[PDB]
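Read the structure below first, then the notes.
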Amino acid sequence: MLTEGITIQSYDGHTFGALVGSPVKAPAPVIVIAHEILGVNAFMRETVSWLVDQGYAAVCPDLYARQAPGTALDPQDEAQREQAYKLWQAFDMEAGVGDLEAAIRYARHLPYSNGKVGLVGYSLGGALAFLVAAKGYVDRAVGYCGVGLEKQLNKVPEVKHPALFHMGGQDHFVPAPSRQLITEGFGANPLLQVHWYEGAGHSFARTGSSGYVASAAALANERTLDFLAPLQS
């Protein structure tokens, strides 16, 4: 689901929609949410609503618009999971970073903006969040469950704004040697944080998922809110 009439235009003229939640009170910092491999779906709607309740505005851009506009897949359904995997496989990461850059500029100039922008990414979006942190487009970035971080380590010293990552300790995408590489590499830059959630796998924070772990999701989300709080007026 997207907000009717909202259009954001990127570096190369491509345009894309977004789900937008205005803040309870103006002004407010704006959080750009980078979605999972499933597009702008029920969990994005819930995440928008949560951040608004917590004193933010939120913008969740349609990052699959270069492949199939309006993707919104329900992970309960096998056919929709399959569609999600196929879209992810073909996803252009560099274009996603450019699209996020455009969504960030858009967020910055919203009328109720207090001038500060954060980004929160999940799954596909958690990997995008690290790339955005390396580019330095936002004041603070958060990624949950990012895949392939261990292949992006040479970007660690490029990070010049705080970024926080939450990773399941049992995430099959991140086996022991990858966990050790990420732990050692990110630890060299004190602007980065990476927290591991023992006994939690991938999607440990996605309500409704068979991988959801309420205690781990609780701790991660609390740390997220405390990390974003300094953006507030």
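The sequence shown runs 1 to 233 under the entry's author numbering. Positions of the beta carbon are idealized from the N, C-alpha and C atoms, including for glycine.
Close Cβ partners of residue i (< 7 Å) along its chain, the five nearest in sequence each way excluded
i: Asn41; result: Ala72, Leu73 and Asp74
i: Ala18; result: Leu2, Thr3, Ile6, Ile8, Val59, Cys60, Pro61, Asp62 and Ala103
i: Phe173; result: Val147 and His202
Per-residue DSSP class, three states only, for residue i
i: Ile182; result: helix
i: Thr224; result: helix
i: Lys116; result: strand
i: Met167; result: strand
i: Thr15; result: strand
i: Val52; result: helix
i: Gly187; result: helix
i: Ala200; result: coil
i: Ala217; result: helix
Bounding residues of the beta strand (DSSP E) (the contiguous stretch that carries residue i)
i: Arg108; result: Counting along the chain, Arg108 falls outside any beta strand (DSSP E), though it belongs to the alpha helix (DSSP H) covering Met93 to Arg108.
i: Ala34; result: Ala28 to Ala34
i: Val59; result: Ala57 to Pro61
i: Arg140; result: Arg140 to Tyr144
For residue i, the nearest candidate out of the options (CA to CA)
i: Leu231; options: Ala28, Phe165, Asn189 and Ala65; result: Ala28
i: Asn221; options: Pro175, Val142, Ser178 and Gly201; result: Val142
i: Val24; options: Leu51, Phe16, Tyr64 and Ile33; result: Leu51
i: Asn114; options: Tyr122, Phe130, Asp139 and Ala84; result: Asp139
i: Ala79; options: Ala65, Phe91, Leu38 and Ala68; result: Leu38
i: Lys155; options: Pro177, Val132, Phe204 and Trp196; result: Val132
i: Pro162; options: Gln152, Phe186 and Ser178; result: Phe186
Bounding residues of the alpha helix (DSSP H) (the contiguous stretch that carries residue i)
i: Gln193; result: It is not in any alpha helix (DSSP H) - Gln193 instead sits in the beta strand (DSSP E) that spans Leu192 to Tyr197.
i: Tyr85; result: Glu78 to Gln89
i: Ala127; result: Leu124 to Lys135
Chain C within 8 Å of residue i, Cβ atoms only
i: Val132; result: Here chain C cannot be found, since the structure has a single protein chain.
Residues near residue i in its chain [Cβ-Cβ closer than 6 Å; skip 5 each side]
i: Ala216; result: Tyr197, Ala200 and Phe204
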